[PDB]
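Undergrad: First the structure, which I've put down as structure tokens, then a few questions once you've had a look.
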Amino acid sequence: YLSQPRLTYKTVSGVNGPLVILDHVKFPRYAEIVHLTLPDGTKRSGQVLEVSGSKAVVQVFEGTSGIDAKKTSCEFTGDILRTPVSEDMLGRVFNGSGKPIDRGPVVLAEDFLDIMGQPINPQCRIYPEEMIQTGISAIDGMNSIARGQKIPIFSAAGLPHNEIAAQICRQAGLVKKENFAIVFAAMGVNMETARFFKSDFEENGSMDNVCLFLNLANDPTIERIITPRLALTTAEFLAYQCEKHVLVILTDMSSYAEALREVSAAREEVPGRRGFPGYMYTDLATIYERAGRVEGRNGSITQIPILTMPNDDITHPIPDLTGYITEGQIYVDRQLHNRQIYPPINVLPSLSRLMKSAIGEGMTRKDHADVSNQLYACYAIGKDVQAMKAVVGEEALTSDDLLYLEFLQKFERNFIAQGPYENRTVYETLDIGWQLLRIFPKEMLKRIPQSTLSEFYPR
Amino acid sequence: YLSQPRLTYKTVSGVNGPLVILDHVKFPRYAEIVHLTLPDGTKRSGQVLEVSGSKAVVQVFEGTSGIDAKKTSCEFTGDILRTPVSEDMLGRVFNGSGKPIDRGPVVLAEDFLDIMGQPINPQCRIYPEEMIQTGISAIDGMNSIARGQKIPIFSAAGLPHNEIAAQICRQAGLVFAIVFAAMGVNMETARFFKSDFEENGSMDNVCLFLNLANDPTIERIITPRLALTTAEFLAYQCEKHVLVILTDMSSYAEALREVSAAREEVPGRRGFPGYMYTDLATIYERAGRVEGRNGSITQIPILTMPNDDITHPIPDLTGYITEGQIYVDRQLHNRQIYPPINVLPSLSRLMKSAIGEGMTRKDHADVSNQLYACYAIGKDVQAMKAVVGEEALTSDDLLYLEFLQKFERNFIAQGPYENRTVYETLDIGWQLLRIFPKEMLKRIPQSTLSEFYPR
Amino acid sequence: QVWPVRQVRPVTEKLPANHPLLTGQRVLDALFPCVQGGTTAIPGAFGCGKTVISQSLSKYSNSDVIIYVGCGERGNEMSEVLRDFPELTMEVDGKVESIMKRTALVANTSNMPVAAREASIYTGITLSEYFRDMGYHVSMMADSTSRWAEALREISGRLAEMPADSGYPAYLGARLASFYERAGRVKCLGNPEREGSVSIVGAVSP
Amino acid sequence: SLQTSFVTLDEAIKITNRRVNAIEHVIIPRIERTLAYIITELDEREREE
């Protein structure tokens, strides 16, 4: 392996922003990690950015504020950035660089994996088959998530997408009729939501499932770019070598791309469309496409990215490319958060493109296809009656448009409304979903075929 | 004569995109012609874009793929690009470089003309006044063309602009060589102009320069130059009348933006280079009549506006050089109108002095000015009908909507084999002007209304 | 034999196309026909019922060879195609056969190199011109060619060339012109007088 | 009383429509075409920069 001793240069040729450029380097690698030690003693870390003959451009992680070109010693490693993975890191809280912050010890490695990762062979993938049960009714009843799906949650600043992400992590599991884990990556969080995540998951008793990667907002913007790659290499050890089912939640992927745009422009690159890098499509794809089931192993990786659309724009290139690689969306809505509904998940625009394979007999239950699209039709027909009632009044609505406004007062306050600690299992999000479909008679339910109307309506 | 022998180099000190940068060149000349020999033995030819002391920058026509630094010859001919011209190139099919693909021989030259053009004194030019009867009523009764007018067919992708043009070549005449130049066209368009000129039996008058879609891109810089130099030979030295058809001039500028990108000049409007105005003015201005010579060049280029935008840099800089334009629009194409010619943004800047008494007829200039104002008004009433509905329209505005149903079907819509004369077009145009009463034709004076209106 | 993918394979003559590419469908053969040698286009989205055509053209056409190109696609939308093509059947001479005795696939997911997705349109058109020179009638389906133009936009910015129209480079309509013109019924270059064809079935995503 | 509520709803419908059509064919296309010019001219200002 790497048994030769390491060279420790003090031949710094210049500092220019976050870049330290050395010279007379003996065979420098690309993307190799170095360890700079300052004059006073502060050890900083950095990654080699460009080599050219006897040169090396080093991008220091923690900035260059105090580096001189006379007394700074820059010890090279000779190997690229790798993570130590273990199965006993399920239950720890690491930061963006992979150091523990829960007063824990350093993780004893079972492997040292390169965090950039190799792609999966497209022949060796299987189509996603079973259900991941979250516990939130609005994304399990009508927007069900397969095993291996990549389905982002679309929201905005101020909306409670961070408590939806914390409620998924507390209650995610299988669809019971020993191999489940959650890798929660938090990029660009502040402190008061970092101690929301660190405190909620550790005293709601399910810290043992989750491996928490908390990358703060005041931490360096290069450490936000290796945070989802530390979280997905841990998930690819835990799933494709230990046969667990892993759910990978990446919180605020629009804050990854604001740290990628910052790292790109500080690499002296020229920006592309809307200022974002031109390689932004194949940079998110190296993150998102680390998913799916595999052939010959019993694990899987299902991803839930989370986005923050600026000014509720959908043509912004962070939601544009996420909707270009990932399969569907969830659409946390603002007009439901003002009306005090938790979780404020809109149903009408939301979609899971693999929902028709995660449902059915022997996966969830036999009527999960016919219930969901029936509640989807009656939610749309009510919301037309909801606006129409204001135009003509109550005395002008018949006994048809009152069944849809009386259903609509109970679909938002019983199906959508959950409360943050109420784990509705998927067998209980259908019995909720049926006792709203009994407000209508069997002569009105058009989306349900008659064979399961005979088996599930009369109770 | 060039009676010195030519220096063959093997000093290629850099290849970058479509450029080959030589060095140790002994007195290099600008706009020279080189002849590169690749390692495998094939030959491409190129042109010098810049000299600077001992180094030259060669613009290779067929692209620099496979060209290395070690064993690539570059024989410097020491001359600017001269084409061989003759009268026996009327009837041949050349490719975009000027090499024949008719399974025939090379051209045996009568002279060697510089393809870049040598500009004509404007003091000794004749103004094009004799009108070409083109048959098609939209570009004859309102947008008339004279012998010597540069006038493009603006169109877009899909519209029948190559059938509109081939109709003019069948129907052009007064009230005659063809030099065709295909730039980046597909195989089915070059199959169409061939089989139309074959069937018409005019193949002894057509000279086709075909640069297809898979022919190399930087040959399209010289393809309209190789065609127009033949035209300026056949018109000013052979005293023939020439009709030059430059289809997809959009494929000129995308191969000119390509050569200026990897050269890294200052880019202009929409990434197109700075010198795009004088470059299309190098091409479009080689037309017209001259004093003491009985030949003429009538130019009809063909464009494609991207996304049908007339304010793109290709139709907006063409409209500043050429004398009018013929607009082909997409909305009349969907309504099954052939030819789909929008007369509202169409123009002929030489129409004003080519029509009138003693050339065509007394009332030509008055009919077209009134057929303009009735189509321009009834298209505004149609956008007022979409607001207030069909019911709130006065009885002198159910006449302007009556006109549009009879203008774009009885005057515009023709059929691809009608040879409508300049008198048959006008006699259609007065039965449309009897739609109105006599006291609304406010662009036609009393002297012409008293004679031509009541029939 | 080894062929560079960006050079057109030489033919003797590029003949016109006078024979219908006959699917099993009643619409788009009684209404909107295609020929052996022609170039089509299809909107490929989620839930358009797109997988009628990609599987009818593979089983029921008069094509002898299918070359399926998947350029820059999703992860679990490429694995769906690789799952159901090795079980799709076809019956000539009564006996049944899998269609993987006459298809080749070019699978490029999003996770691939960006330059491998630019050269998946060109790899699948060069293989389709290798059987066309045998005299077969190849029908090629280039699924989601708008992902290929998303790959070319990166390669254009990889070399620092200036974006022209909506971020795409200058040569967007020209590499699409230098691809759909390699389709056509040709007369092959060779002695025993054959005549092949290539039909390109594109797929776009507005 | 029935023929006098007819000609009040016959005049109020024939005004609202001329006001749905005055948004569909006049106002909203003008706001869309200036949107398709801001996304064009700012592609130009990114390209020159």
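One is the number of the first residue shown, and numbering goes on along the chain from there.
Looks like electron microscopy, 3.7 Å, at least that's what the header says.
Backbone N, Cα and C atoms are what each Cβ position is placed from, and that goes for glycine too.
If you look up Swiss-Prot, you'll see C:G44, C:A45, C:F46, C:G47, C:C48, C:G49, C:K50, C:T51 marked as ATP binding site, on the strength of a large-scale study or a structure entry. The phosphoserine annotation in Swiss-Prot covers C:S178 and is backed by similarity to another entry.
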Undergrad: Please give me the CB contact count at 10 A for C:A45 (ATP binding site), counting all chains in the structure.
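TA: I count 12 other Cβ atoms within 10 Å of it.
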Undergrad: For the recorded ATP site, whose residues are C:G44, C:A45, C:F46, C:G47, C:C48, C:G49, C:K50, C:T51, find every other residue on that chain with a C-beta no more than 8 angstroms from the centre of their C-beta atoms, and list them by sequence position.
TA: C:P43
Undergrad: Going through the recorded positions C:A45, C:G47, C:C48, C:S178 in order, which have a C-beta under 8 angstroms from some C-beta of chain B?
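TA: Out of C:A45, C:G47, C:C48, C:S178, C:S178 lie under 8 Å of chain B.
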Undergrad: Near chain A: which of the recorded positions C:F46, C:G49, C:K50, C:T51, C:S178 have their Cβ closer than 8 Å to one of its Cβ atoms?
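TA: Of C:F46, C:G49, C:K50, C:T51, C:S178, the entries that lie near chain A are C:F46.
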Undergrad: I'd like to know which of the binding-site residues C:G44, C:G47 has the most other Cβ atoms within 10 Å of its Cβ.
TA: C:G44
Undergrad: Given the recorded positions C:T51, C:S178, which one is most crowded in terms of C-beta atoms within 10 angstroms?
TA: C:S178
Undergrad: Taking only the Cα atoms, work out how far C:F46 (ATP binding site) lies from the residue listed as 'phosphoserine', in Å, as a whole number.
TA: 29
Undergrad: What is the total of other Cβ atoms whose distance to the Cβ of C:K50 (ATP binding site) is within 10 Å?
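TA: Excluding its own Cβ, C:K50 (ATP binding site) sees 16 Cβ atoms within 10 Å.
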Undergrad: Give the number of CB atoms, excluding that of C:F46 (ATP binding site) itself, located within 10 Å of its CB.
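TA: Excluding its own Cβ, the number within 10 Å is 12.
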Undergrad: Are any of the recorded positions C:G47, C:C48, C:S178 near chain D, where near means a Cβ under 8 Å from a Cβ there, and if so which?
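TA: Checking chain D against the recorded positions, no residue falls within range (Cβ-Cβ under 8 Å).
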Undergrad: Write down the Cα-Cα distance for C:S178 (phosphoserine) and C:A45 (ATP binding site), rounded and given in Å.
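TA: That separation, Cα to Cα, works out to 25 Å.
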Undergrad: In whole Å, how far is the residue listed as 'phosphoserine' from C:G44 (ATP binding site) when you measure between their Cα atoms?
TA: 22
Undergrad: Rounded to a whole number, how many Å is the Cα of C:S178 (phosphoserine) away from the Cα of C:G47 (ATP binding site)?
TA: 31
Undergrad: When you measure from the Cβ of C:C48 (ATP binding site), how many other Cβ atoms are you left with inside 10 Å?
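TA: By my count, 11.
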